[PDB]
Amino acid sequence: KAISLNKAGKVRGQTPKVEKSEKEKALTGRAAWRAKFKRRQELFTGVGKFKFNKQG
RNA sequence: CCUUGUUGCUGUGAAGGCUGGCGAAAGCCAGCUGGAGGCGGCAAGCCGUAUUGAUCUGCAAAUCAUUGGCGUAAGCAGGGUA
RNA sequence: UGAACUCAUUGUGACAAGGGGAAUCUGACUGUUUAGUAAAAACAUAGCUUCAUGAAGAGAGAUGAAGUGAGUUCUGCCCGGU
RNA sequence: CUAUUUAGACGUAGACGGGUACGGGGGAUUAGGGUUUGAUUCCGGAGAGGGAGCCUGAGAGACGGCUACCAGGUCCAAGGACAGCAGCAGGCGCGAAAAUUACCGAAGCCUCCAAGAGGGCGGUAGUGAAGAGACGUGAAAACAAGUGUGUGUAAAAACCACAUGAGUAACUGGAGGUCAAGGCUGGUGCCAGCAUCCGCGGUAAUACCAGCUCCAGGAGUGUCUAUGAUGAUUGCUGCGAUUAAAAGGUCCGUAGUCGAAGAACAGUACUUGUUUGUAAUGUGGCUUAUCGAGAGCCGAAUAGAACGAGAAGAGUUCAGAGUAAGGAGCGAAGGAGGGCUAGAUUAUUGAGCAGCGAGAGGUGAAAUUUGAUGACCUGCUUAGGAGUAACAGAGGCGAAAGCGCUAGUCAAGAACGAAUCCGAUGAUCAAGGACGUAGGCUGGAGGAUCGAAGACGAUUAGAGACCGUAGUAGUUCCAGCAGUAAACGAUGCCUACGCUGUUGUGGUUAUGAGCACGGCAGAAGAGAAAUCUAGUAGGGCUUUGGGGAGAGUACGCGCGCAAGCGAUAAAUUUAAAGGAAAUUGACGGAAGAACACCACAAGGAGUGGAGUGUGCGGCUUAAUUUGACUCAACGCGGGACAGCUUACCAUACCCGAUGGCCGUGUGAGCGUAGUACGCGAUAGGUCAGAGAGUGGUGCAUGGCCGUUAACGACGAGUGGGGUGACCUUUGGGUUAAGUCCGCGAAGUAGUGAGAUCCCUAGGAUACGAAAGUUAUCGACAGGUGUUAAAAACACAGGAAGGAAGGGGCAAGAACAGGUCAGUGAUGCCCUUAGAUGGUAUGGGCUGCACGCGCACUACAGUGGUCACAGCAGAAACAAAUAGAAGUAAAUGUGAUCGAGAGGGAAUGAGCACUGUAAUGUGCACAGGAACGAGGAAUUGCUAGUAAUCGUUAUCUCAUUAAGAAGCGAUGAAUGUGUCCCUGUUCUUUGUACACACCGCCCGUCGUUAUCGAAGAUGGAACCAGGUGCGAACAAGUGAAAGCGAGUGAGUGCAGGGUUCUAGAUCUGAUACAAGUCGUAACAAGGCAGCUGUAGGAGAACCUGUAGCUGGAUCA
C-alpha cells in the first residue's frame, strides 16, 4: 500500500519567526547565589508556601 | 529313467572348541584352533564377447589367430532304455 | 628374520603376470537361449497371492491349474459391460 | 641421541584433541562475602617482513652483522649493485578512534686509549576540554586577565618581586509522572514531530514548533558504547520446585560426596608463637612548597616458606560393650502379592430339531436393515472363545505399572512377640544393568463379544462428524522387540522434633494399653491467597527452574525391524504472558426456592373468515411529504386532510442588521389606466459580517415521556473478621411490601413501602322556611372459633369487615429506548431571490395488482313490521301540511310478517342543506353484492365486574364520528388453587468476557516483507601432518680433482581439520489495519474438556483404546 515523503519539515516552515528581545548580562558564581538566596527567604521557613513561577 | 567315468594349485576364513583379560551379574574384548560356501584368482576342460581381424575358386556346405566368460558344481560325458 | 660388502643404465630382469576412481538407466544373485548374422533389459529362480477337490498304488505340511518375480516399504477407488 | 633387552607411562578428581591467551607486582567497583580487568613507569619472557643456517667473541643462533629461498621494492651506462622505522621526528593507508620532519657543553645515568670526546637513552618546551587540584566573572566606597624591569634557565618561556595602565569577563540540558522547576501567549490540527519507560497530537496540546519567565549543575554540561553496581534476577554467607518456570515412571548399582555409644592412643593437616617474605602502588602518620592536590622522611603489612607449641574437633586401634543402625535366624499367625496343575454357576453369539403364523429392530422422532427359504418368542440338544455381577467399602496386598470363582502345589518377602547370633557390615547415587497400563511391531496358536479404517441410512447451507445399520485390523494366548502417559496425592530418599478428639486393618496384652500401616475433624503456627505431604531447622545425598515467543525445534551423535525415542542450540522478535489466587459486575443453551386471570388450569365474550370504516408495507404517479418496528411500531404522532392544516407537485407573484469601499436632489429609488404625469433619498452595486428554515444528525444534548416496576430493595455511624481489594454472616415461619416474628459478633437511627389527599357510599344536635344542603363521626381482624410468636380464614352483626371499594402520588441504579415534525429549549453540518423563506389559484396527501394490524354492521324468529305507552345520568330545544340535527335506547302491552319479508354493498333521474368553492352531509324513489357463525393461531376479564343498550350542554367540529374520554340503563358465569406453560424477582453455580456474548478466539488458503534449514554442482582462506624433489652451509676422506653424513628453507602431488560464501528449487518461523472459508476452545460453548498411542481428513480437527479432574459429583 502507498506511502509518500512529500510533507517532510512542514511545521518548521509554517511557524512565524519572532525575534529574541535583549536582556542584561546575568550573574555567575557566588553573585548568582546571593541573588537566589534573597528571593527564596520565604521557603527557608518551615511554614507557609513558596512558588517559584506563577502565571496568575 | 537305469548302470558308469571325471576335482590338481592357491586366496578369503562361517558354525563349533581352548587359553588370557574385564565385569555384581548378564555377556563383552584379544590371540590361537577348525574348515562352510550353486564364494574369489588360475590349470585340464567346457563355452562363444570383441577385433564387425584372417579366409570367402576356403584347410572347412561354419574353420583359424589373438582377446574374452565359467571352471568344489540348478558342471561335463560313454553305453542300455523310453 | 636382521646386518654388512658389491655392480655402467639395476634386480616378480627372459617366461608368466589386475588399469583405477565418480555417477545415472536396468535386471536381485549363480544358471539358460535363436547348432550357421541377435547372449540381452528376454527365460528361469527363491519368495508372495489366488483357484479346484476327501478322489487314489498318492490322501490336504496332499495333488493338480494360473499370475507376479529375492529381501525392505506400500499395494487407493469401481461389479455399470464381458 | 644411538645399539640390544623389559612393557611400561597417562586418564571421568577430565587424559588426548580443538578454541583462546605475554605472566605477575597491581587497577576499577565495593558495609561484609564478592564481580570484573591488567598492551601500558618495576621484574621476568619472546620478536625484529616470513622461515631456516652461521662466523667472531668471555657472552649472539645478533638483524642500525653475514648467507640462501619466498613475498615485496630501489638504482643503472643493462653488464651489475643496494636495501628492512614493533628507535626519534615524519608520510600513506585502515578505521568510531591518538601530538613537533622542535632546543639540549644543564639535571639522571651508560661508553671509551680520556683533567676530554660521544648518546633522539634521558631532560626542556610546543600540541589536545581523555584524568586530578586551587581560583576570576564585582564590592558598597573602590575589582582577574595587560605592560615594563629584575628573577628564573643550558638558553629560554611560564612562575614569583616591584612599578605602570585600566574596568573587560557563561554556557549546556530541562520545566505531564518517575524527577527539581509554567495548565502563560501565538502557530499546527493522529499532520509535522516528541518520547530510555509510561504516553502526547483527530482546531479548547502545562508533553510538537517558537517567544517569555522559572529550575539544575556550572568552565563546563548533553549523547553513544563496553563494564561494576541496582540484584537475595546465580543465592558460600543468601533464592526457589502442590497450583506461578521447576522432584527423574519404579528399582538395583560403581566412581563421587557423607557416616554410632564407651575406653584409650598418636601428631601430618588444624590453630598459634618466633623468624623470614613487599621497590612503586595502597595503608597509619609527621615535615616543607601562599593554600590544596604534589614532594620528602617514618612505622606496620598479604599470600608463600623455616623451626617450635597446644590437643577440643577430625583421625587410628581395642573388646568382661552390645542403637527406637543393619543383616542372619526362631515361634504363632494374616493378605484380590506372584508362577503352575486340575475343575465350576450363569451369560452373549452360532448351528440342529419342535411348537405358533405376522411382524421384529432402533430412536428425541424416524429411515437404512431383516421376515412366509417361517422371523420374533417358548422348548430341548449341542460348539466355541472371553469374563468372574450382586457381597464390595475414603477395605486389603504389591517397588511402581498393577491384583477379585474353587481346590492342590512351588519359591521368596513385610509386620508382630521374645534374656537367639554376628559386629559397622551403613545413607544417597553420574556411568552401567533389570521391570514398565494401553496402543504399536516380528513370528506361531486361535477368533464368542466389542470395534479404528472403509461403506451406507438420516440431520443440515454443507456434514466429511455427532445418531442408526453393518464391517475389517486389532481386542485373547505363547516367544520376543519397543520405552511413552494428567505413569498425579501435579508434593524425591533416608533421619529428627512436634496438640487433641474420633474411626479402621493385623498381631500382642498387667485388659490399663502399645507396635506397624491408614482415614477423618478441629487447633496452633505457616503462606500472596486458595489451603496445609506446606509447622520447627546451616542434618546428609541426588534430580531440577531463572520474562514471553522461536523450541523441546535445527545440526551432529547413541539406541530401535519400523513407528520413533533419548539428549539438546542459534539467528530473529516482543512489554508483558487466555502467568497465579482471591474481589465486584456482565453473560450462560444451569441448578433451587417464590409469585401473578395485563400467567396458566376450570369458567364467560370475542379476534383470525364476509362487506364496509380506518392505519401499515408494496407498486404507480407531476406529487402520491413523513416518524415509529418483540412486549414497550400499525383509529399512534391529540394524524375525523374540499380551502387552511401541509412538510409534497404545477403555474404565478412577493422579500435583505451593521461596517468598509464605489454613486447620488443636475434626482439614489417609488406610485400609475406606465412612459407622462404624481412622490421624493426612504429604500443604491461590491467585499466582510449578521440576524429565517415542518432542511440533516436523539450515536452531540436538555427537558418530558415510556420501560426494568409498581419491584423490595437501599444508603449512614459505631462494633467484629481479612494483608488487602471485601463480608457482617447458618438463608426457619409471615405480607401486597426486609411487611414482620424468631435467632445471632453485632447494635442504633432514616429514605422507599407504609403512613400521609381527593372523589363515591352512611350520619344533624348545625342552617333554611323551604322540603335540600353540608358534616373532627363511623371499621379496629374488634367479636366468636381455630392450643409458640407474627398473620389468616370462615361466620356474625353492621350504611360500610380483613390494604372498606376506585383512583392519585410514588426509591436507587439503568437504557448509546422515543421525540431536533411541540417549543424564541439546543451543539455541529447544509440551503438562503432562479430560496430548502412566505403568499395565491389549482392538483395531491383520499391513486390501486396485492400482503398485514385494529374497529363497525351482520349472518335472523331469545327475530322484522304497525301503533301505543313509559323510565336515566337530570333539568336549555324559533317556526315547519311528504321529507329534508336534537331531551334516550334497549324496554312494556297489542296487532301484524313467516324461514334469505334477515342484510343493505356497487349504481340511476332527481329534491334540499353547509360552504368562498362540493368533491362532504341530509331526504324521497328505485336497485338489490358477499355473508347461512369463521383454518393455523391469538386477546382481555373475579361483581354492580364481563357482555348488552343508548346518550353526550365532553374532546375534535362551517359542514363532517363507525375515534378517544366520560356517563348512566339492563345485568352474568367459574376457582378460591398451582409453578406444568409464559414470563418476572432472590439465593447457591461456571468463566480465557470488563470495551462486558453484537464479547473473546483457532487453523488452512491468497498477497507482501524479514531471518533460518535442506539441496545436484562449488569457491575461498588458514592450520598441522604424509610422501617426492631439493638452495645454502658443511664434519669426515683425499697431494689434488673430487666425494659427501648431517642441519634444512622453499616447492611438487594426494588427503584431512577448521571457519566463511555461491546455488535452480523446496520447506520452517515471525510481522502482516480489518482479504477468503468455516467456527475448534472459553457457559453442560450447544458431542464436558485435557494427556499418551494408532488410523483418517480442505482446514480448524474427527474416530477407536487405556488414563486424569485442572468437572457439571467431597453425598
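Residue numbers (my numbering): 72 to 127.
Note that CB positions come from ideal geometry on N, CA and C, so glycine has one too.
Since residue i contacts residue j with CB under 8 Å, what's their CB separation in whole angstroms?
i	j	result
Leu114	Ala106	Actually they are not in contact, since the Cβ atoms of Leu114 and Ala106 sit about 15 Å apart, beyond 8 Å.
Please report the distance separating the alpha-carbon of residue i from that of residue j.
i	j	result
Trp104	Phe123	16 Å
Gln126	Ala79	35 Å
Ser92	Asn77	35 Å
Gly117	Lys109	16 Å
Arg101	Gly119	27 Å
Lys81	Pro87	12 Å
residue 137	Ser75	The shown model of the chain, from 72 to 127, leaves out residue 137, and the question about it has no answer.
Can you list, in chain order, the residues of its chain with a C-beta nearer than 6 Å to that of residue i? Leave out the 5 residues immediately preceding and following it.
i	result
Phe121	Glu113 and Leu114
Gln85	none
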